[PDB]
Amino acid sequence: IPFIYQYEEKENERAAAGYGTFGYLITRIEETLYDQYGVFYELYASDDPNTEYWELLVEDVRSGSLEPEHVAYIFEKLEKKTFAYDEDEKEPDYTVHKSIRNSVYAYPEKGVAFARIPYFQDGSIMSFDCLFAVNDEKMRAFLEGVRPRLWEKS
């Protein structure tokens, strides 16, 4: 019945750790997706653990494919463009494309969107891999369509 801890918290201490940044960014990404397309997008994965559709996004931006449509940049002074030169790679590639990290990339055809949101920690720049969809059935179309898109490339 008695409680050792009787400290009265200030309301600011009830704030979550970092949810303000994530919230403002998610709100503005959804808002801008609507600004361009007029649709109500929604978050579906916070730190996406799946790589196949993300490597597919990378390939589609590199090849200058039609519908992988850059929407906006997350942070202004982080990288706006990037290259694909890996010194380890046996045969180098020199494609200079727009940045995957720090950019919002929407497939409006498949009603889906992707985000690679930077954040600073441990003396390095790290990436939140977020996934967006205006409605469930379109997301369900994209996830179904991932393996077909691979089969054509294969």
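So that there is no doubt, residue numbering starts at 1 and follows the sequence shown.
Two stretches are in play, 28 to 36 and 95 to 103, and the higher mean C-alpha B-factor belongs to 28 to 36.
Just going by the entry, 142 to 150 versus 128 to 136 on mean CA temperature factor gives the higher value to 142 to 150. Annotation for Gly64: CA B-factor lies in the middle third of the chain's modelled residues. Among the modelled residues of its chain, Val58 has a C-alpha B-factor that falls in the highest third according to the deposited record.
When the modelled residues of the chain are ordered by their C-alpha B factor, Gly111 lands in the middle third. In the deposited entry, the Cα temperature factor of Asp47 places it in the lowest third of its chain's modelled residues.
Ranked against the other modelled residues of its chain, the C-alpha B-factor of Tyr119 as given in the entry falls in the lowest third.
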